[PDB]
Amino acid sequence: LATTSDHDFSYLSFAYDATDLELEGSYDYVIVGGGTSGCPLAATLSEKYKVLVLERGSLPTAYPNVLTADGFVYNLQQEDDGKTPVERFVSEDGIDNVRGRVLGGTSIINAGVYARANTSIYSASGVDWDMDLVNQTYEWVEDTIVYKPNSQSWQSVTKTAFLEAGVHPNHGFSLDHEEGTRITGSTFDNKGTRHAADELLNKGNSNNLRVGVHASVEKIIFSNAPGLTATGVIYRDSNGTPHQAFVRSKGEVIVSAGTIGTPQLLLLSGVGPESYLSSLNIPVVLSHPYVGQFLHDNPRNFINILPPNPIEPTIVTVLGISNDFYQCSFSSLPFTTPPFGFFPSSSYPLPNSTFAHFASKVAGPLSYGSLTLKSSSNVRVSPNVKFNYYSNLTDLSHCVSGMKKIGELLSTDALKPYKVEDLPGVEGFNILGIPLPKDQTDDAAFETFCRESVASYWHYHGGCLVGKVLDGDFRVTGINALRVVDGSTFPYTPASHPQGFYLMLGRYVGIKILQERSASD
């Protein structure tokens, strides 16, 4: 774990605006997307080789509010002008959502919750994991940007509610995703300063690592040397001037553009379903049927209570983990400008007093959809995405169980002081939005509640799966010198909160690449 300190911007010494980067560069590795996985991957590779990271967004310094916990809601409330760190989008399902667009990626705009992946998911992932390396990597990340949180009144109230409601056992303070209640780590330090993936760039070699911001990567370049191989990428700067960055012998292009950005770039580059690409007149580099397929978004269902007595805003630290659903509570200040993506749509009531958001995330999820291009040529145009929430009934059964558990929390002695009226069961609270069915045994009513009140937990993943598009070493099958490392590689979520796993993944693969280069020297 790390110790509270200012956000470390030492890496600015090797950060450049794309307009300032050479028109044609040569490196050992080119990383597309300076995000959650991309940054630690880049830093790791730079320990020995020349690396260039290309990020479409700005430096975190351009948007000060992404640097503090009290800025979380603010970023979501800001209008999307195409340059802001929070990019808005709506799934085909009709659910509002957001993704990061800034150096550090989505780890720069998230809720800060940090957890290590469920230790039981590595065996069936399709990857032969080196567990000693996995833990060493978690430690590497944690010693730089993860903190043991301060005690917080509302989080403590939530902890008492979970324990009263049977979410056992109690793990005390622990980073591990395990059934029961615990206080986990956070990327926000004890002074409220946000730490993120960008700071992991400081772990790289300042003479080998170069970062380009405001760099929109539009296409991967290929050649037969002799076999199909990725040779570089084309990116554009704010002046509209296109640049090219190539990789040298044994080097590689690694796409870490995220669940949404990676499949989009692959499709735009001619790697995807042959009939789909041809229909849009995109030359086919390699037929890859699963690019953009298997897009998963864990559903979030919730209850907002408006206490008669004000509660203080807090950062999420207490987690109530069940096998089929994960829960927590967030307390915040009132507002008249809605944080996009918080509620599923714009027509939702606004809180004029402090409130508590009890959220429930369904495990998996088993349901999935796909990603398709909205523009066949412009990478700045958001792709179309559909998640098909609750299309798999097992997800729905888990939502029902999850919301019943929330009902239990609402019926605890712990939450009584927050009701406006002392009514039986879950009744008596001042609710903002859709309330739970009164009858806690009415399954059909809970299914309707789950379907009509659903929102995104913002932990979408998939779209470029290991075993479908990638192999066990994260290489895009059939293409040399090309890998994918980010949240797009697996169908199920690694824990209640995935950033820890994706941060680890970046360096993990980086180390695997270095070990591979060592053997071939």
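Numbering starts at 1 and runs along the sequence shown.
428-436 or 415-423, whichever carries the higher mean Cα B-factor | It is 415-423 that shows the higher mean C-alpha B-factor.
Is the mean CA B factor in the deposited entry higher across 336-344 or across 178-186?
-> Higher of the two, by average CA B-factor, is 336-344.
Which of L409, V217, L350, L163 ranks first by CA B-factor in the deposited coordinates | Top of the list by C-alpha B-factor: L350.
Per the PDB entry, which option out of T241, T394, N298, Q155 has the greatest Cα B factor?
-> The listed residue with the largest C-alpha B-factor is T241.
Classify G467 as lowest, middle or highest third according to the C-alpha B-factor given in the PDB entry, relative to its own chain.
-> Its C-alpha B-factor, which the entry lists for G467, ranks in the middle third among residues of this chain.
Compared with the other modelled residues in the chain, in which third is the CA B-factor of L21?
-> Its C-alpha B-factor belongs to the highest third of this chain's values.
Using the B-factors in the PDB entry, rank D93's C-alpha atom against the chain and give the third, lowest, middle or highest.
-> Lowest third of the chain for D93's C-alpha B-factor.
Relative C-alpha B-factor of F501, binned into the chain's lowest, middle or highest third | According to the entry, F501 has a C-alpha B-factor in the chain's lowest third.
State the tercile, meaning the lowest, middle or highest third, of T229 with respect to the CA B-factors recorded for its chain.
-> According to the entry, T229 has a C-alpha B-factor in the chain's highest third.
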